[PDB]
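One chain follows as structure tokens, the form deposited in one PDB entry.
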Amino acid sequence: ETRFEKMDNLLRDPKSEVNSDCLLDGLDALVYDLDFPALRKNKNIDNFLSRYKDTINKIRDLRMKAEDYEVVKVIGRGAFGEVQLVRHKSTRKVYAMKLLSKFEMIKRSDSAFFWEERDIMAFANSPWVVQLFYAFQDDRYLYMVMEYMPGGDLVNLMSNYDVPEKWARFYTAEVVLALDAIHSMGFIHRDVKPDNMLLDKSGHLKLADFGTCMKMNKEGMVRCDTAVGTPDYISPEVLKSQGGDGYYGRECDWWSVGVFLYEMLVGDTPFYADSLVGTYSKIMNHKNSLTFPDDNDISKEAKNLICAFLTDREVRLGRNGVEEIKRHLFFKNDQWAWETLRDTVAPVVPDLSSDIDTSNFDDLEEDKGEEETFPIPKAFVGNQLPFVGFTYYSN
């Protein structure tokens, strides 16, 4: 009323853009961007930087930093960064940490995916979406510290098991509940593949966005990478929007399920080609290019769900509703129910060992360059600005 209350309701509360973490990101961002020999030729800047020297050194120290965390495995690697499995050093607790690279991400692929990425995992409030516990940053990377997924991604699964239409019905189902959850928030998940499908201790499936692609050495070519999503799982419309023709919606994730389901059943991707161009071309050509072998079993109805997803946009299933998707005869069984599901017992329940247990995860390079960032300015470019307020806490 007399307004020192009006004020400080903004001062601290999470969705206010003046919440303390924004303010700290602010002073911290300004400082990174101010501190440079060319810019210090400005007495104002130089003197500001001198007074704030010590006090921001301590800020960087007291706020959550990467060295607060011990790195166990680097599991998966991106164009824009990587995912590591980490352990907090004092709490001894396990997380999966995504490093987004500020440079590669702001730069010229642009596409600025991070607000969306972040906001989803933090506020989804869903069993189906992996949780964002903390986010922080420094002058190079963003860091999302998300809830840990002790089972593998589904890539590991398919590696060990030939997958029965039973399991294949089950995972597609949780993915469907995962996809509406996100869509209900107005978000396009926008890259959906076995790699982002994760399994908790119950062998129940959660959805993520990670460091990604495949493999070393360019044979059994595993080409992947590029810019957005992944080559195998993209839509014709996502291709065409790059691209530069049209614009694509959440319809794109359903195409992806179609492809994912083709992979568990057939053991291969629908559009897989030697090169990525042979792959992009097949996809535009999906009408002619999409085929099955024979292909017993592959139940009629699964070939039908697949072809429902793998069609052109506005005729494709799930454009009218996720409802239309569940009615599909392919989900027909007495095992579980749509609203019950995650209560039911999952095909694969991972064999424990310890909290660390790494076997559901690989070992990687752990090497090299500290690759490029934001070349050193001769004037003030405010490159750290666009990430202000990205630091986030558990409450």
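Rigid core: the largest C-alpha set superposing within 1.5 Å between the two forms. Note that residue numbering follows the sequence shown and begins at 1.
Beyond the structure shown, there is the form solved in complex with a small molecule, which is absent from this document and is the topic of what follows.
*Going by heavy atoms within 4.5 Å, which of 179 to 187, 292 to 300, 208 to 216, 320 to 328 lines up against the small molecule in the deposited complex?*
That would be stretch 208 to 216.
*Out of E237, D232, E251, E117, which one falls within 4.5 Å of the small molecule in the deposited complex, going by heavy atoms?*
Of the candidates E237, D232, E251, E117, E117 is the one lying within 4.5 Å of the small molecule in the deposited complex.
*So which of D138, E147, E165, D312 gets a non-hydrogen atom within 4.5 Å of the small molecule in the deposited complex?*
Of the listed residues, the single hit is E147.
_is_contact(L305, the small molecule) in the deposited complex, heavy atom dist at most 4.5 Å_ = No - in the deposited complex, heavy atoms of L305 and the small molecule never come within 4.5 Å of each other.
*Wondering, does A96 line up within 4.5 Å of the small molecule in the deposited complex on heavy atoms?*
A96: yes, in contact with the small molecule in the deposited complex.
_Close approach of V192 to the small molecule in the deposited complex, 4.5 Å, heavy atom_ = Contact with the small molecule, no.
_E174: touches the small molecule in the deposited complex, heavy atom cutoff 4.5 angstroms_ = No.
*Triplet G76, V83 and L198 all within 4.5 Å of the small molecule in the deposited complex via a heavy atom*: Verified in the deposited complex; spot residues all in contact, yes.
_If I align on the rigid core, exactly one of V155, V266, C213, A168 should have its C-alpha move by 2 Å or more between this form and the one not shown; which residue is that?_
With the rigid core superposed, the residue that stands out is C213.
*Has the Cα of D225 moved 2 Å or more between this form and the one not shown, judged after a core fit?*
Shift of 2 Å or more: yes.
_Rigid-core frame, C-alpha of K332, shift of 2 angstroms or more between this form and the one not shown_ = The answer is no, as the C-alpha of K332 shifts between this form and the one not shown by less than 2 Å after core alignment.
_At a 2 Å cut-off on C-alpha positions, does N42 qualify as shifted between this form and the one not shown after fitting the rigid core?_
Shift at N42: 2 Å or more after core fit.
*Explain in one word, closer or farther, how the Cα atoms of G211 and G318 are placed in the deposited complex relative to this form, where the distance changes by 3 Å or more.*
Closer, not farther.
*Classify the change in Cα distance between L177 and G211 in the deposited complex as closer or farther, relative to the shown form (magnitude of 3 Å or more).*
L177 and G211 sit closer together in the deposited complex.
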